[PDB]
Every structure is written in C-alpha cells, then in structure tokens.
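Written below as structure tokens is the structure these notes are about.
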Amino acid sequence: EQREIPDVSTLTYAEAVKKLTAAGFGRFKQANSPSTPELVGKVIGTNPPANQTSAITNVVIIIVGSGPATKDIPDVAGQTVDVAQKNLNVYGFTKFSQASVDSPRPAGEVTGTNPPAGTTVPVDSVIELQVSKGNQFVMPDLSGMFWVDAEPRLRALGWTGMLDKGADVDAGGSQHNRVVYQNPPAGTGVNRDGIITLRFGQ
C-alpha cells in the first residue's frame, strides 16, 4: 500500500517514529543536519519529505538537527587586528568586538581572544579581540649590574619611567654599586612609564 508521509518536523526522533508507524511505515534511518539551536535533537524533515506519498515497504529517512555549524577558533595571537580578522573570516567568522589591553606586544597586535583559541563556537557568533596597547616592556634581570649599564638597557627596552632607588644593601664588597634587589621582578610586563625600584650594594 502507498501512503502519504505525515509531517514529523520539530518532533523528537522517537515520537516521529511513532507517528510514522501509526501511518503504517516501519523502516527508518536517522540522518543529521545543522539546524537552529531550538531544533537540536529534533526532526527537521524526512525523505521522502512531509506530505509526499510513498510505499510503506520503503525506508523513511528521519533527519535530525544537530545545531548551528561550529568551528574551532584559530590562534591569532601576535597578528594585527586587520590580519587577525581576515584570517578569522576564512573560517566564517564575521562578527568582532575589540578591547585594549596592557601588553609588551607591539601596539595593534592581538594578545588573545574571547572565547579563546581552541574553543568550539558557532560560525555566526561574536568573537572578542584583546588588542595590545604596546605600552609595556618585559622586565629584565638586573642582578649584579651597575646603573651606568642598567639604565641604557632599560631605555632601549622602551622604559621612560623613573628610578626609585632604595637604601643600599650591606651585601659585601663584591656587590658594591651592583643591583641586589629589584622591582618589579624579571619577566613581568612593565608599563613604559612605570616606576622601577632598585637597591644597590654599598
């Protein structure tokens, strides 16, 4: 017997089977398609489609939504905003928001994204970009250095700030006029105009 396929869209797979079964069909398969967030795990259509007449001895493909198309956010750190967005475009992302962040990276370079790289997000979702101010430098280790060598090394790194010389530290003759303690610690990101505290040996 031929019979018109009932519309089972928006239903769950199980309930779609029951309705198709009540119509006299008995052989089904599940296929998957991208869909709206509401239709996740829901039937979006069939093959043969709704209201199409068909034999009940034939298979009825029940197509179930899997939600919006997604993609892993690529890493764009170090890239300029212009380059990063175009590289994000090739993945399908077109919506962006930006915020300035304190960073030793050159001004304009992306430091990271929100959601971060490696995150799976919908293609039509918004990706926030953290953009370096280029206002920082990486603090070097100044241990054992004389100030006549220490200062130009800092100036070359972009430091335009002021020295806060603390009291001398009794650390022996081998440390005379040498940096014993420093702040901020080596490796930390330091604002260009930031205050550097040094304590030299007597």
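Here the sequence shown is numbered in the authors' numbering, starting from 425 and rising by one per residue. Ideal Cβ placement from N, Cα and C applies to all residues, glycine included.
Beta-carbon spacing of residue i, residue j below 8 Å
i    : j    : result
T460 : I486 : no
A440 : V483 : no
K519 : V488 : no
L553 : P564 : no
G613 : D506 : no
Proximal residues to residue i (C-beta, below 6 Å), its chain only, five neighbours per side dropped
i    : result
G558 : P530, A531
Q606 : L566, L622
Top-ranked residue by Cα proximity to residue i, from the options
i    : options                : result
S524 : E425, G536, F517, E462 : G536
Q476 : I619, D496, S490, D431 : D431
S457 : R616, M563, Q560, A493 : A493
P528 : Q560, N513, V514       : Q560
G590 : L435, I619, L463       : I619
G568 : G611, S598, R577       : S598
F449 : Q509, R579, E428       : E428
Assumed close pair residue i, residue j - CB separation to whole angstroms, cut-off 8 Å
i    : j    : result
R602 : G585 : Not really, about 21 Å apart at Cβ, beyond 8 Å.
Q522 : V555 : 5 Å
Buried versus exposed call for residue i [16 or more other C-beta atoms within 10 Å across all chains shown]
i    : result
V604 : buried
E533 : buried
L587 : exposed
Cβ-based neighbour list, residue i, same chain, cut-off 7 Å, excluding 5 preceding and 5 following
i    : result
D594 : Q626
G542 : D496, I497
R577 : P564
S433 : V467, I468, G469, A474
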